[PDB]
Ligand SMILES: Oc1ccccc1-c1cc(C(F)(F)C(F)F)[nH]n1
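The form solved without this ligand is given below as one chain in structure tokens.
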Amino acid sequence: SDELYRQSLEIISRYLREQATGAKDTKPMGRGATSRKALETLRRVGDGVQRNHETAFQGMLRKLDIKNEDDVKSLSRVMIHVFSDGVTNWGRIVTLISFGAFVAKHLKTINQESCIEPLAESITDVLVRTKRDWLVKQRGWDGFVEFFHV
């Protein structure tokens, strides 16, 4: 078991799917209150990030050339490269996930909605593998919710 991984995947995959489809998942969370609050936080902060960084996000998306599942498997390289360099903070974590939603929207437009699942899995894996101890020290998703509160 790996609760931090499980909860992160739940939050990130739900946010990406909802951003792509425009529809909210009514299914209960795997455990719960924290995840609901995290997802609410992402809707608010993430939508702003996508608006503020439209041009940068378009540029990154073009540089990747996601067309199929094989492209999604390789974008991990770029993601790790850009995300692991420099300092760690919640703003960069929101940027990581927000760009994920941006790509997920693109995937839906090119009829590759199934690729959203490995995309979410890849984002979660990079986040939790590279930032494990920082996330734990920052109190995980409870810390995230607190950081961006009101």
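Just count from 1 along the sequence shown to find any residue number.
From this point on, the text means the form deposited with this ligand bound, which you will not see here.
The site on the displayed chain is open: this ligand, placed by C-alpha superposition from its pose in the bound PDB entry, has no atom within 2.4 Å of a backbone or C-beta atom. In the bound PDB entry, this ligand lies farther than 4.5 Å from every heavy atom of residue 39. Mapping the unseen interface onto this chain, residue 91 counts among the residues with a heavy atom inside 4.5 Å of this ligand in the bound PDB entry.
Although the partner is absent here, residue 44 lies within 4.5 Å of this ligand in the bound PDB entry, judged by heavy atoms. Although the partner is absent here, residue 112 lies well away from this ligand in the bound PDB entry, with no heavy atom inside 4.5 Å. Highlighted residues 49, 95 and 147: every one comes within 4.5 Å of this ligand in the bound PDB entry, counting any heavy atom.
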